[PDB]
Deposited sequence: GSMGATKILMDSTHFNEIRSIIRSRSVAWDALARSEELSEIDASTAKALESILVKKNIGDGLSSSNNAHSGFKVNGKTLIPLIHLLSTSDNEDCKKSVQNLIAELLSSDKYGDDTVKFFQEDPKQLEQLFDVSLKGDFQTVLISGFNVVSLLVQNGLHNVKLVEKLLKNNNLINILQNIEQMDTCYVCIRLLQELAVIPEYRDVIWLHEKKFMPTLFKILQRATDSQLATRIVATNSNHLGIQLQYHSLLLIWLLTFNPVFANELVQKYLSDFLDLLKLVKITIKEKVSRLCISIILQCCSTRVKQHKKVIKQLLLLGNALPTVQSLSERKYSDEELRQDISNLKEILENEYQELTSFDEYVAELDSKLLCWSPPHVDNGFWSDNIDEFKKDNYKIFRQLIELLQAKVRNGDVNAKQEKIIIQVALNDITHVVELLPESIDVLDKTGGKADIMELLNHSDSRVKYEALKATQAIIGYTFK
């Protein structure tokens, strides 16, 4: 036909049912002078036609009313009838045309749309979108608008009401289908994105298995642009890496796929310096193991295995090209210094030193910053906070003894000192590391 979105949605269909339940007595309303027959009569008529008329001079009054009205329960049944048309197998075909020809009508409806009772807002949305993504009704400004509209966004944010939240998302996602829209949307990822993920932890541990998907999908869609992909990954990282978690724990295979895919999309030849990404997956999210395990399994859905198989390869290769230093960075970058062979490996040090003495030892300074942070930042001795330190005093030390000329930067940055007081500690290892870190410098402070 001409696009009847959300046709299988049972929870929508269900929401729909709770709205058409509340009946309106036009006539009376008319008669009571609460409406204008014209309208009132026109709807009362439609209402039957639908629930028991080409479409042309039917809307106009509706909208009118819609616009001109204070009967929240009225506009509802209307907003709805509007919807009922849109999907009506019979109508809903011309319904579009109506706007196809008067794309402002759509502008107008739009104003009367998205308001009041949570449902009113939905169907309204529902309707409005049904059109926005229409044959040739594309109208980002509107999208742009609804994207910033509250009422609906709010609906979308509250995860507690799955049915709705659910819908919204599906709406949003239907728009994302519209390449053009894609930019607008992403532009406000800040509103749906978070939600999407909250929706994913919850999952990570049919309706709730649709939401998951739909949200993926929405993602997967936009993600399609190297940059967008670029962005997500290095902004919604933590969660990113999580996909896997669900990727794992999950079934049906309609989700995984999405995950797996998103993931790849994000390592696509196209995402700039996917490399990091691969690194990250491998490095920061244990992609590998995780994938290896999936790689071999029950995937009635071929392509699924495929994709999985494919991911497998990527990871694997990049892996080989893995130097211990990377690991180094990973911890440094991620701000999580550990205790790992390389750390205490003069050899690791003996080869990756230069790397610290880079662009003005960026890396070192980096190293240093971090340490500096932990000190004030939070100012906690909780194992963690308390570890990074030594680890830092440690790496720092090494660098120190190796590149004696590194002392300056130390001097400049402040750590040089920072350390010194670090000796006045609570935890041995810390003052200690710091100590071992200071007796080192001591040697290079003179002649």
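Annotation: deposited residues 1-3, 56-72, 226-238 are not represented by C-alpha coordinates in the model.
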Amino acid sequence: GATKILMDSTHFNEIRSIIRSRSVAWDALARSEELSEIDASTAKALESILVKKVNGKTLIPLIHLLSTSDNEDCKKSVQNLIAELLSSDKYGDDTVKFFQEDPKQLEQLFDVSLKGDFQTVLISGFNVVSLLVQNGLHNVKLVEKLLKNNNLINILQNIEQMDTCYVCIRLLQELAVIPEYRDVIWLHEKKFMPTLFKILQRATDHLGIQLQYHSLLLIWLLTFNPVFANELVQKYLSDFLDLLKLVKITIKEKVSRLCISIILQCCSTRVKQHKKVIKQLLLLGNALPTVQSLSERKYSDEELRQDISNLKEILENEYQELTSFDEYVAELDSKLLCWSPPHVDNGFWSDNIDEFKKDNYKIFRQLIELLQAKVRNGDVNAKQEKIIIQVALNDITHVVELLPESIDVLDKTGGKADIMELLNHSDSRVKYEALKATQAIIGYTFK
From here on, numbers count along this sequence of modelled residues.
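Between 159-167 and 299-307, the higher mean Cα B-factor belongs to 299-307. With 345-353 and 317-325 compared on mean CA B-factor from the PDB entry, the stretch scoring higher is 345-353. When the C-alpha B factors of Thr397, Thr42, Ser69, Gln390 are read from the deposited coordinates, the top value falls at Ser69. Looking at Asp93, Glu331, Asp73, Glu180, the one whose CA carries the top B-factor in the deposited record is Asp93. Ranked within its chain, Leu423 lands in the highest third, by CA B factor from the PDB record.
Residue-level temperature factors show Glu37 in the middle third of its chain, judged at the C-alpha atom. Compared with the other modelled residues of the chain, the Cα B-factor recorded for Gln105 ranks in the lowest third. In this PDB entry, the Cα temperature factor of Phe118 sits in the middle third of its chain's modelled residues. The PDB entry assigns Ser256 a C-alpha temperature factor belonging to the highest third of its chain's modelled residues.
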